[PDB]
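Pasted below: my_file10.cif, mmCIF, C-alpha atoms; chains and numbers go by the auth columns.
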```cif
data_target
#
loop_
_atom_site.group_PDB
_atom_site.id
_atom_site.type_symbol
_atom_site.label_atom_id
_atom_site.label_comp_id
_atom_site.label_asym_id
_atom_site.label_seq_id
_atom_site.Cartn_x
_atom_site.Cartn_y
_atom_site.Cartn_z
_atom_site.B_iso_or_equiv
_atom_site.auth_seq_id
_atom_site.auth_asym_id
ATOM 1 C CA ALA A 1 27.670 4.420 -150.817 0.00 1 R
ATOM 2 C CA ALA A 2 31.090 2.702 -151.079 0.00 2 R
ATOM 3 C CA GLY A 3 33.657 4.640 -153.073 0.00 3 R
ATOM 4 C CA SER A 4 35.438 1.809 -154.896 0.00 4 R
ATOM 5 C CA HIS A 5 32.256 0.537 -156.567 0.00 5 R
ATOM 6 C CA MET A 6 31.048 1.691 -159.979 0.00 6 R
ATOM 7 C CA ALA A 7 28.680 4.638 -160.244 0.00 7 R
ATOM 8 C CA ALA A 8 26.354 2.453 -162.320 0.00 8 R
ATOM 9 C CA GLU A 9 25.734 0.219 -159.284 0.00 9 R
ATOM 10 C CA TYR A 10 23.861 2.921 -157.315 0.00 10 R
ATOM 11 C CA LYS A 11 20.384 3.849 -158.547 0.00 11 R
ATOM 12 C CA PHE A 12 18.638 6.422 -156.462 0.00 12 R
ATOM 13 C CA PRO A 13 14.865 6.962 -156.592 0.00 13 R
ATOM 14 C CA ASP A 14 13.582 10.181 -158.102 0.00 14 R
ATOM 15 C CA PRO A 15 11.101 12.291 -156.121 0.00 15 R
ATOM 16 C CA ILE A 16 7.539 11.209 -156.795 0.00 16 R
ATOM 17 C CA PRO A 17 4.957 13.987 -157.244 0.00 17 R
ATOM 18 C CA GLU A 18 2.087 11.627 -156.410 0.00 18 R
ATOM 19 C CA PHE A 19 3.732 10.737 -153.094 0.00 19 R
ATOM 20 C CA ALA A 20 4.385 14.423 -152.392 0.00 20 R
ATOM 21 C CA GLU A 21 0.711 15.176 -152.968 0.00 21 R
ATOM 22 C CA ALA A 22 -0.585 12.293 -150.842 0.00 22 R
ATOM 23 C CA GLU A 23 1.875 12.910 -148.015 0.00 23 R
ATOM 24 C CA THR A 24 1.132 16.635 -148.065 0.00 24 R
ATOM 25 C CA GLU A 25 -2.556 15.865 -147.527 0.00 25 R
ATOM 26 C CA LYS A 26 -1.722 13.790 -144.433 0.00 26 R
ATOM 27 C CA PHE A 27 0.628 16.501 -143.163 0.00 27 R
ATOM 28 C CA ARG A 28 -1.974 19.223 -143.710 0.00 28 R
ATOM 29 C CA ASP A 29 -4.681 17.256 -141.925 0.00 29 R
ATOM 30 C CA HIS A 30 -2.391 16.536 -138.987 0.00 30 R
ATOM 31 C CA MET A 31 -1.261 20.159 -138.718 0.00 31 R
ATOM 32 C CA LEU A 32 -4.780 21.578 -138.983 0.00 32 R
ATOM 33 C CA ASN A 33 -5.964 19.186 -136.283 0.00 33 R
ATOM 34 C CA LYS A 34 -3.011 19.716 -133.949 0.00 34 R
ATOM 35 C CA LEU A 35 -2.790 23.506 -134.182 0.00 35 R
ATOM 36 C CA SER A 36 -6.574 24.109 -134.163 0.00 36 R
ATOM 37 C CA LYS A 37 -6.902 23.215 -130.498 0.00 37 R
ATOM 38 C CA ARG A 38 -4.551 25.940 -129.228 0.00 38 R
ATOM 39 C CA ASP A 39 -5.128 29.594 -128.327 0.00 39 R
ATOM 40 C CA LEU A 40 -1.784 30.610 -129.856 0.00 40 R
ATOM 41 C CA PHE A 41 -3.075 29.726 -133.345 0.00 41 R
ATOM 42 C CA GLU A 42 -6.764 30.497 -132.818 0.00 42 R
ATOM 43 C CA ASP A 43 -7.244 33.063 -135.593 0.00 43 R
ATOM 44 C CA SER A 44 -4.399 31.960 -137.867 0.00 44 R
ATOM 45 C CA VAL A 45 -4.459 28.141 -138.115 0.00 45 R
ATOM 46 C CA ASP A 46 -5.372 28.116 -141.808 0.00 46 R
ATOM 47 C CA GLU A 47 -2.762 30.676 -142.845 0.00 47 R
ATOM 48 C CA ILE A 48 0.007 29.115 -140.750 0.00 48 R
ATOM 49 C CA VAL A 49 -0.820 25.602 -141.927 0.00 49 R
ATOM 50 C CA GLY A 50 -0.937 26.954 -145.476 0.00 50 R
ATOM 51 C CA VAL A 51 2.609 28.287 -145.144 0.00 51 R
ATOM 52 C CA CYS A 52 3.890 25.000 -143.741 0.00 52 R
ATOM 53 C CA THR A 53 2.034 22.846 -146.266 0.00 53 R
ATOM 54 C CA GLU A 54 3.274 24.819 -149.272 0.00 54 R
ATOM 55 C CA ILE A 55 6.901 24.570 -148.128 0.00 55 R
ATOM 56 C CA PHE A 56 6.481 20.876 -147.273 0.00 56 R
ATOM 57 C CA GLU A 57 4.871 19.914 -150.589 0.00 57 R
ATOM 58 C CA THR A 58 7.462 21.857 -152.577 0.00 58 R
ATOM 59 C CA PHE A 59 10.240 19.998 -150.793 0.00 59 R
ATOM 60 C CA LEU A 60 8.631 16.568 -151.196 0.00 60 R
ATOM 61 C CA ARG A 61 7.839 17.236 -154.864 0.00 61 R
ATOM 62 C CA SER A 62 11.339 18.350 -155.901 0.00 62 R
ATOM 63 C CA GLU A 63 13.795 17.185 -153.243 0.00 63 R
ATOM 64 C CA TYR A 64 12.585 14.115 -151.303 0.00 64 R
ATOM 65 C CA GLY A 65 13.764 10.786 -152.678 0.00 65 R
ATOM 66 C CA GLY A 66 13.301 8.508 -149.691 0.00 66 R
ATOM 67 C CA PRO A 67 15.446 7.894 -146.628 0.00 67 R
ATOM 68 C CA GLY A 68 18.554 10.031 -146.533 0.00 68 R
ATOM 69 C CA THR A 69 16.972 13.076 -148.206 0.00 69 R
ATOM 70 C CA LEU A 70 14.545 14.668 -145.709 0.00 70 R
ATOM 71 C CA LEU A 71 16.630 17.723 -144.813 0.00 71 R
ATOM 72 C CA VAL A 72 15.963 20.036 -141.896 0.00 72 R
ATOM 73 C CA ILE A 73 15.899 23.066 -144.208 0.00 73 R
ATOM 74 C CA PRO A 74 12.147 23.032 -145.070 0.00 74 R
ATOM 75 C CA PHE A 75 11.320 23.174 -141.353 0.00 75 R
ATOM 76 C CA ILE A 76 13.730 26.049 -140.849 0.00 76 R
ATOM 77 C CA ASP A 77 12.010 27.671 -143.843 0.00 77 R
ATOM 78 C CA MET A 78 8.663 27.216 -142.074 0.00 78 R
ATOM 79 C CA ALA A 79 9.829 28.971 -138.909 0.00 79 R
ATOM 80 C CA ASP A 80 11.614 31.702 -140.878 0.00 80 R
ATOM 81 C CA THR A 81 8.612 32.367 -143.109 0.00 81 R
ATOM 82 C CA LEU A 82 6.249 32.534 -140.139 0.00 82 R
ATOM 83 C CA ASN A 83 8.695 34.852 -138.335 0.00 83 R
ATOM 84 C CA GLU A 84 9.092 37.066 -141.430 0.00 84 R
ATOM 85 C CA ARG A 85 5.320 37.468 -141.724 0.00 85 R
ATOM 86 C CA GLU A 86 5.055 38.191 -137.981 0.00 86 R
ATOM 87 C CA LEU A 87 2.745 35.183 -137.522 0.00 87 R
ATOM 88 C CA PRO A 88 2.939 34.062 -133.872 0.00 88 R
ATOM 89 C CA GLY A 89 3.951 30.519 -133.095 0.00 89 R
ATOM 90 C CA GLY A 90 6.641 30.044 -135.742 0.00 90 R
ATOM 91 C CA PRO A 91 8.829 27.885 -133.490 0.00 91 R
ATOM 92 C CA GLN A 92 5.821 25.924 -132.270 0.00 92 R
ATOM 93 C CA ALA A 93 4.446 25.245 -135.760 0.00 93 R
ATOM 94 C CA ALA A 94 7.811 24.288 -137.224 0.00 94 R
ATOM 95 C CA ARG A 95 8.429 21.964 -134.282 0.00 95 R
ATOM 96 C CA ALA A 96 5.044 20.303 -134.788 0.00 96 R
ATOM 97 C CA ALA A 97 5.850 19.955 -138.497 0.00 97 R
ATOM 98 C CA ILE A 98 9.284 18.423 -138.007 0.00 98 R
ATOM 99 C CA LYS A 99 8.070 16.027 -135.302 0.00 99 R
ATOM 100 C CA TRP A 100 5.341 14.699 -137.573 0.00 100 R
ATOM 101 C CA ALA A 101 7.716 14.494 -140.537 0.00 101 R
ATOM 102 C CA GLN A 102 10.353 12.691 -138.457 0.00 102 R
ATOM 103 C CA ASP A 103 7.704 10.222 -137.355 0.00 103 R
ATOM 104 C CA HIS A 104 6.098 9.574 -140.711 0.00 104 R
ATOM 105 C CA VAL A 105 7.748 10.686 -143.932 0.00 105 R
ATOM 106 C CA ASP A 106 10.423 7.993 -144.378 0.00 106 R
ATOM 107 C CA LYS A 107 8.079 5.276 -143.079 0.00 107 R
ATOM 108 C CA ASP A 108 5.308 6.433 -145.410 0.00 108 R
ATOM 109 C CA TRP A 109 7.722 6.510 -148.358 0.00 109 R
ATOM 110 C CA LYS A 110 8.731 2.902 -147.688 0.00 110 R
ATOM 111 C CA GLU A 111 5.071 1.877 -147.464 0.00 111 R
ATOM 112 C CA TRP A 112 3.997 3.946 -150.471 0.00 112 R
ATOM 113 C CA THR A 113 6.814 2.629 -152.689 0.00 113 R
ATOM 114 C CA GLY A 114 6.529 -0.886 -151.259 0.00 114 R
ATOM 115 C CA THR A 115 10.089 -0.955 -149.889 0.00 115 R
#
```
Mind turning this structure into structure tokens?
Amino acid sequence: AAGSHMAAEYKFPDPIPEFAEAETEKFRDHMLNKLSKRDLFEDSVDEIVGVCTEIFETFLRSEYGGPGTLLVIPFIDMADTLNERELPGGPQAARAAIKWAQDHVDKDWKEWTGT
């Protein structure tokens, strides 16, 4: 954080697979509920949520180590994957995903880790 200090002074938390799993369940349940109500996703909610959830969990499991590490790239990956598979609503789903993640992930990490 401050360049003159010793590297040994800065311990950063590793990603936590149990947090990734628990937070992915909350994300999935939010996304299923939010997208289910809308004609745009009527026949594809499960598939679209499945794409978003897989990308989200993979990022939390390997890459998320608390505040300062939730990158935008998984949400770009969600829109790109939905666009590649010609699933309608890519921008809408990725925006729902990033809004929820912005609102919850760091806060939930602090609560889950007790920090």
Starting from the displayed file, determine the output of the PyMOL selection byres ((chain R and resi 16) around 12) and express the residue list as a PyMOL selection string. chain R and resi 13-15+17-23+57-66+109+112-113
Minimum-distance residue to residue R:91, chosen among R:52, R:68, R:108, R:47 (using all atoms listed in the file):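 Using all atoms listed in the file, residue R:91 sits closest to R:52.
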Which is closest to residue R:74 among R:93, R:1, R:98, R:87, if we use all atoms listed in the file?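 The answer is R:98, which sits nearest to residue R:74.
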For residue R:53, please output as a ChimeraX atom specification all residues within 8 Å (counting all atoms listed in the file; exclusion window: fewer than 3 positions along the same chain). /R:24,27-28,49-50,56-57
Ground truth for the PyMOL selection byres ((chain R and resi 40) around 8), written as a compact mmCIF listing (two decimals) with C-alpha atoms, keeping the file's coordinate frame:
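Once everything was written out, this is part_3.txt:
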```txt
# COMPACT_ATOMS: atom_id res chain seq x y z
CA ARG R 38 -4.55 25.94 -129.23
CA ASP R 39 -5.13 29.59 -128.33
CA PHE R 41 -3.08 29.73 -133.34
CA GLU R 42 -6.76 30.50 -132.82
CA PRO R 88 2.94 34.06 -133.87
CA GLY R 89 3.95 30.52 -133.10
```
One decimal, in Å: what's the spacing between atom CA of residue R:114 and atom CA of residue R:31?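 Answer for the atom CA of residue R:114 to atom CA of residue R:31 separation: 25.7 Å.
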Given 8 Å on each side, where is the centre and what are the edge lengths in Å to one decimal of the axis-aligned box enclosing the listed atoms of stretch 77-83 of chain R, as JSON?
```
{"center_x": 9.1, "center_y": 31.0, "center_z": -141.1, "size_x": 21.8, "size_y": 23.6, "size_z": 21.5}
```
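The smallest atom-to-atom distance between residue R:95 and any of R:7, R:55, R:32, R:72, using all atoms listed in the file, is found for R:72.
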Restricting the calculation to only C-alpha atoms, which member of R:96, R:104, R:70, R:84 is positioned closest to residue R:33?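 Using only C-alpha atoms, residue R:33 sits closest to R:96.
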Apply the PyMOL selection byres ((chain R and resi 77-79) around 7) to the structure shown and report the selected residues as a PyMOL selection string. chain R and resi 51-52+55+73-76+80-83+90-91+94
Provide the atom CA of residue R:35 to atom CA of residue R:97 distance in Å, to one decimal place.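 About the pair atom CA of residue R:35 and atom CA of residue R:97: they are 10.3 Å apart.
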Work out how far atom CA of residue R:46 is from atom CA of residue R:101, in Å to one decimal.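 For atom CA of residue R:101 relative to atom CA of residue R:46, the distance reads 18.9 Å.
Checking R:11, R:34, R:26, R:107 one by one against residue R:92, counting all atoms listed in the file, you find the shortest gap at R:34.
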Quick one: of R:36, R:102, R:85, R:67, who's nearest to residue R:115, counting all atoms listed in the file?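 Of the candidates, the smallest distance to residue R:115 is held by R:67.
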Selected stretch 23-50 of chain R, written as a PDB file, in the first residue's frame, N, CA, C and O atoms:
```
ATOM      1  N   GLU R  23     -21.743 -17.053  -1.652  1.00  0.00           N
ATOM      2  CA  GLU R  23     -22.116 -15.831  -2.347  1.00  0.00           C
ATOM      3  C   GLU R  23     -22.699 -16.141  -3.720  1.00  0.00           C
ATOM      4  O   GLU R  23     -23.611 -15.447  -4.190  1.00  0.00           O
ATOM      5  N   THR R  24     -22.214 -17.196  -4.369  1.00  0.00           N
ATOM      6  CA  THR R  24     -22.801 -17.586  -5.646  1.00  0.00           C
ATOM      7  C   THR R  24     -24.253 -18.013  -5.476  1.00  0.00           C
ATOM      8  O   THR R  24     -25.104 -17.694  -6.317  1.00  0.00           O
ATOM      9  N   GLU R  25     -24.578 -18.691  -4.372  1.00  0.00           N
ATOM     10  CA  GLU R  25     -25.976 -19.063  -4.155  1.00  0.00           C
ATOM     11  C   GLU R  25     -26.862 -17.826  -4.030  1.00  0.00           C
ATOM     12  O   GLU R  25     -27.961 -17.783  -4.599  1.00  0.00           O
ATOM     13  N   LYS R  26     -26.395 -16.798  -3.313  1.00  0.00           N
ATOM     14  CA  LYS R  26     -27.195 -15.581  -3.176  1.00  0.00           C
ATOM     15  C   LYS R  26     -27.335 -14.863  -4.509  1.00  0.00           C
ATOM     16  O   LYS R  26     -28.414 -14.351  -4.839  1.00  0.00           O
ATOM     17  N   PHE R  27     -26.245 -14.810  -5.273  1.00  0.00           N
ATOM     18  CA  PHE R  27     -26.269 -14.216  -6.606  1.00  0.00           C
ATOM     19  C   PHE R  27     -27.251 -14.949  -7.509  1.00  0.00           C
ATOM     20  O   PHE R  27     -28.092 -14.330  -8.174  1.00  0.00           O
ATOM     21  N   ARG R  28     -27.155 -16.278  -7.549  1.00  0.00           N
ATOM     22  CA  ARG R  28     -28.047 -17.069  -8.388  1.00  0.00           C
ATOM     23  C   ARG R  28     -29.502 -16.831  -8.026  1.00  0.00           C
ATOM     24  O   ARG R  28     -30.355 -16.677  -8.909  1.00  0.00           O
ATOM     25  N   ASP R  29     -29.809 -16.804  -6.731  1.00  0.00           N
ATOM     26  CA  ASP R  29     -31.200 -16.644  -6.322  1.00  0.00           C
ATOM     27  C   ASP R  29     -31.708 -15.253  -6.666  1.00  0.00           C
ATOM     28  O   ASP R  29     -32.861 -15.088  -7.081  1.00  0.00           O
ATOM     29  N   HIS R  30     -30.857 -14.242  -6.514  1.00  0.00           N
ATOM     30  CA  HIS R  30     -31.240 -12.900  -6.931  1.00  0.00           C
ATOM     31  C   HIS R  30     -31.491 -12.843  -8.430  1.00  0.00           C
ATOM     32  O   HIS R  30     -32.505 -12.298  -8.882  1.00  0.00           O
ATOM     33  N   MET R  31     -30.560 -13.390  -9.219  1.00  0.00           N
ATOM     34  CA  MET R  31     -30.666 -13.297 -10.671  1.00  0.00           C
ATOM     35  C   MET R  31     -31.876 -14.057 -11.188  1.00  0.00           C
ATOM     36  O   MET R  31     -32.585 -13.566 -12.073  1.00  0.00           O
ATOM     37  N   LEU R  32     -32.103 -15.269 -10.675  1.00  0.00           N
ATOM     38  CA  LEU R  32     -33.286 -16.023 -11.076  1.00  0.00           C
ATOM     39  C   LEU R  32     -34.553 -15.246 -10.767  1.00  0.00           C
ATOM     40  O   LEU R  32     -35.472 -15.184 -11.593  1.00  0.00           O
ATOM     41  N   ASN R  33     -34.619 -14.640  -9.583  1.00  0.00           N
ATOM     42  CA  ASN R  33     -35.814 -13.893  -9.209  1.00  0.00           C
ATOM     43  C   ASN R  33     -35.977 -12.652 -10.078  1.00  0.00           C
ATOM     44  O   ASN R  33     -37.072 -12.372 -10.581  1.00  0.00           O
ATOM     45  N   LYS R  34     -34.894 -11.902 -10.278  1.00  0.00           N
ATOM     46  CA  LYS R  34     -35.007 -10.641 -11.003  1.00  0.00           C
ATOM     47  C   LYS R  34     -35.320 -10.865 -12.476  1.00  0.00           C
ATOM     48  O   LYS R  34     -36.214 -10.213 -13.031  1.00  0.00           O
ATOM     49  N   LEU R  35     -34.609 -11.786 -13.126  1.00  0.00           N
ATOM     50  CA  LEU R  35     -34.830 -11.992 -14.554  1.00  0.00           C
ATOM     51  C   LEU R  35     -36.105 -12.767 -14.864  1.00  0.00           C
ATOM     52  O   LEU R  35     -36.637 -12.625 -15.971  1.00  0.00           O
ATOM     53  N   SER R  36     -36.620 -13.565 -13.920  1.00  0.00           N
ATOM     54  CA  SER R  36     -37.803 -14.383 -14.200  1.00  0.00           C
ATOM     55  C   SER R  36     -39.023 -13.546 -14.550  1.00  0.00           C
ATOM     56  O   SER R  36     -39.917 -14.014 -15.270  1.00  0.00           O
ATOM     57  N   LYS R  37     -39.096 -12.321 -14.048  1.00  0.00           N
ATOM     58  CA  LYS R  37     -40.329 -11.561 -14.185  1.00  0.00           C
ATOM     59  C   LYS R  37     -40.479 -10.892 -15.546  1.00  0.00           C
ATOM     60  O   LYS R  37     -41.491 -10.226 -15.771  1.00  0.00           O
ATOM     61  N   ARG R  38     -39.529 -11.069 -16.463  1.00  0.00           N
ATOM     62  CA  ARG R  38     -39.403 -10.201 -17.627  1.00  0.00           C
ATOM     63  C   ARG R  38     -39.528 -10.984 -18.926  1.00  0.00           C
ATOM     64  O   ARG R  38     -38.906 -12.039 -19.082  1.00  0.00           O
ATOM     65  N   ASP R  39     -40.328 -10.450 -19.864  1.00  0.00           N
ATOM     66  CA  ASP R  39     -40.553 -11.132 -21.136  1.00  0.00           C
ATOM     67  C   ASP R  39     -39.254 -11.406 -21.878  1.00  0.00           C
ATOM     68  O   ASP R  39     -39.130 -12.443 -22.537  1.00  0.00           O
ATOM     69  N   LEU R  40     -38.275 -10.501 -21.779  1.00  0.00           N
ATOM     70  CA  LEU R  40     -37.032 -10.670 -22.529  1.00  0.00           C
ATOM     71  C   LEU R  40     -36.354 -12.001 -22.212  1.00  0.00           C
ATOM     72  O   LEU R  40     -35.723 -12.606 -23.089  1.00  0.00           O
ATOM     73  N   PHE R  41     -36.501 -12.492 -20.981  1.00  0.00           N
ATOM     74  CA  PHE R  41     -35.809 -13.688 -20.524  1.00  0.00           C
ATOM     75  C   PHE R  41     -36.740 -14.876 -20.357  1.00  0.00           C
ATOM     76  O   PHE R  41     -36.328 -15.888 -19.787  1.00  0.00           O
ATOM     77  N   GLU R  42     -37.970 -14.784 -20.867  1.00  0.00           N
ATOM     78  CA  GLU R  42     -39.034 -15.706 -20.475  1.00  0.00           C
ATOM     79  C   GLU R  42     -38.628 -17.166 -20.639  1.00  0.00           C
ATOM     80  O   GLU R  42     -38.798 -17.975 -19.719  1.00  0.00           O
ATOM     81  N   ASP R  43     -38.085 -17.524 -21.798  1.00  0.00           N
ATOM     82  CA  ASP R  43     -37.759 -18.917 -22.081  1.00  0.00           C
ATOM     83  C   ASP R  43     -36.312 -19.272 -21.772  1.00  0.00           C
ATOM     84  O   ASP R  43     -35.920 -20.430 -21.954  1.00  0.00           O
ATOM     85  N   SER R  44     -35.508 -18.322 -21.314  1.00  0.00           N
ATOM     86  CA  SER R  44     -34.078 -18.563 -21.181  1.00  0.00           C
ATOM     87  C   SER R  44     -33.509 -18.167 -19.825  1.00  0.00           C
ATOM     88  O   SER R  44     -32.279 -18.054 -19.704  1.00  0.00           O
ATOM     89  N   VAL R  45     -34.349 -17.949 -18.805  1.00  0.00           N
ATOM     90  CA  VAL R  45     -33.827 -17.462 -17.523  1.00  0.00           C
ATOM     91  C   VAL R  45     -32.787 -18.433 -16.974  1.00  0.00           C
ATOM     92  O   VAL R  45     -31.700 -18.032 -16.546  1.00  0.00           O
ATOM     93  N   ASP R  46     -33.108 -19.729 -16.983  1.00  0.00           N
ATOM     94  CA  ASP R  46     -32.213 -20.708 -16.366  1.00  0.00           C
ATOM     95  C   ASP R  46     -30.867 -20.756 -17.074  1.00  0.00           C
ATOM     96  O   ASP R  46     -29.809 -20.762 -16.428  1.00  0.00           O
ATOM     97  N   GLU R  47     -30.884 -20.795 -18.407  1.00  0.00           N
ATOM     98  CA  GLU R  47     -29.630 -20.842 -19.149  1.00  0.00           C
ATOM     99  C   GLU R  47     -28.816 -19.574 -18.928  1.00  0.00           C
ATOM    100  O   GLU R  47     -27.607 -19.634 -18.668  1.00  0.00           O
ATOM    101  N   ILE R  48     -29.462 -18.411 -19.024  1.00  0.00           N
ATOM    102  CA  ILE R  48     -28.738 -17.150 -18.878  1.00  0.00           C
ATOM    103  C   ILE R  48     -28.183 -17.020 -17.469  1.00  0.00           C
ATOM    104  O   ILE R  48     -27.013 -16.673 -17.278  1.00  0.00           O
ATOM    105  N   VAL R  49     -29.002 -17.338 -16.464  1.00  0.00           N
ATOM    106  CA  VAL R  49     -28.509 -17.286 -15.092  1.00  0.00           C
ATOM    107  C   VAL R  49     -27.380 -18.290 -14.905  1.00  0.00           C
ATOM    108  O   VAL R  49     -26.393 -18.013 -14.216  1.00  0.00           O
ATOM    109  N   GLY R  50     -27.487 -19.453 -15.548  1.00  0.00           N
ATOM    110  CA  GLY R  50     -26.420 -20.438 -15.456  1.00  0.00           C
ATOM    111  C   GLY R  50     -25.098 -19.913 -15.985  1.00  0.00           C
ATOM    112  O   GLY R  50     -24.042 -20.142 -15.387  1.00  0.00           O
TER     113      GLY R  50
END
```
